[PDB]
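A single chain, nothing else alongside it, follows as structure tokens in the form deposited in one PDB entry.
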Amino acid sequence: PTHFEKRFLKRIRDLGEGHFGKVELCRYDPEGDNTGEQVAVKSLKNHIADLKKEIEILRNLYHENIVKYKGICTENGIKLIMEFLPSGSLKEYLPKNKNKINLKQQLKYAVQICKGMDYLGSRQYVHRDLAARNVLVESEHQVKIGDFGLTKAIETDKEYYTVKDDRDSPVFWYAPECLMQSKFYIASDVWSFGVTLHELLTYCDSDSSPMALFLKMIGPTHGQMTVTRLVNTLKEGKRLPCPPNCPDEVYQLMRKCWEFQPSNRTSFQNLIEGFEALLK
């Protein structure tokens, strides 16, 4: 049930790619009649230790708005087997469905992301990579958090996890404590959600992305100096602007995600209630 043989994993196309990881669409067809189910397969281009930790996290997560763990494919090597969501990420889905997805549907997606994130927090995890590119579309009515590559477990009686590695990170979705001290709280994921909500409301328009907006604020910056300028911009109280046609009530909840201090930010449960109060 949870074990998948490499020989039966029939590669169809690439779904996503990171620095050391890749996700491919496969058809697990043990009968050899092309009737088996389509699955998402996470493999490596040590990073094995990380992938094993990611497998363990996803195996332990079971929620309507969290990509379903299916099993593993062992080669020393290992592959993570997940369900395949045919519509892909919000980053790809939203620019192609601008006339289909109205504000009501975007708020239903925000509720769904927050429910998935609240459950993640209840398990004492910090995602650290909440962006539209990691929110997958099951159908026009449902989304799921679909990647856990940077997810860490907060130790019991601790409020945050401290990152100790040399890995790359989505700095444009990061809260000040992440940027300044490499500290990741549940309140750090709330900040990233705020940024993800901004993307969702702009229909993931490339010219309106956090990197594009912040880079037009900051200017020519260089990989070394990006973080210090970003921190300086945030310290000055600058934030991503209200997307076009975003009502004030929605932008107010977004601003509650961007309080400089983690202890002053809204919770995911307060966000759920807040968005549901707006859905009629």
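Residue positions are given as counts along the sequence shown, with the first one as 1. What we label the rigid core is the largest C-alpha set whose atoms superpose within 1.5 Å from one form to the other.
Colleague: For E92, do at least a third of the other compared PDB entries give no atomic coordinates?
Modeller: No; none of the other entries leave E92 out.
Colleague: At least a third of the other compared entries lacking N46?
Modeller: Yes: coordinates for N46 absent from at least a third of the compared entries.
Colleague: Counting only residues from the deposited sequence, how many are left out of the model between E155 and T156 (none, 1 to 3, 4 to 9, 10 or more)?
Modeller: Missing residues, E155 to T156: none.
Colleague: Deposited residues absent from the coordinates between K216 and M217, none, 1 to 3, 4 to 9, or 10 or more?
Modeller: Unmodelled stretch: none, continuous chain.
Colleague: For the stretches 172 to 180 and 199 to 207, which has the higher mean C-alpha B-factor as given in the deposited record?
Modeller: Mean B over CA atoms: larger for 199 to 207.
Colleague: Averaging C-alpha B-factors over each stretch, which comes out higher, 23 to 31 or 216 to 224?
Modeller: 216 to 224 has the higher mean C-alpha B-factor.
Colleague: What's the residue among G194, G88, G121, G77 with the greatest CA temperature factor in the PDB record?
Modeller: Max CA B-factor in the entry, restricted to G194, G88, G121, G77: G77.
Colleague: Using only modelled residues of the chain, where does the Cα B factor of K104 rank: lowest third, middle third or highest third?
Modeller: According to the entry, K104 has a C-alpha B-factor in the chain's middle third.
Colleague: Taking the C-alpha B-factors as the PDB entry records them, is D129 in the lowest, middle or highest third of its chain?
Modeller: Tercile = lowest for this residue's CA B-factor.
Colleague: Using only modelled residues of the chain, where does the Cα B factor of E64 rank: lowest third, middle third or highest third?
Modeller: Lowest third, going by the recorded CA B-factors of the chain.
Colleague: Considering every modelled residue of the chain and its Cα B-factor in the PDB entry, is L94 in the lowest, middle or highest third?
Modeller: It falls in the middle third of the chain.
Colleague: Is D189 in the lowest, middle or highest third of its chain when residues are ranked by C-alpha B-factor?
Modeller: Ranked within chain, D189 CA B lands in the lowest tercile.
Heads up, the form deposited in another entry isn't pictured, but that's what we're talking about next.
Colleague: Please look at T221, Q252, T228, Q38 and say which one has a C-alpha shift reaching 2 Å or more between the shown form and the other one, core superposed.
Modeller: Correct option: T221.
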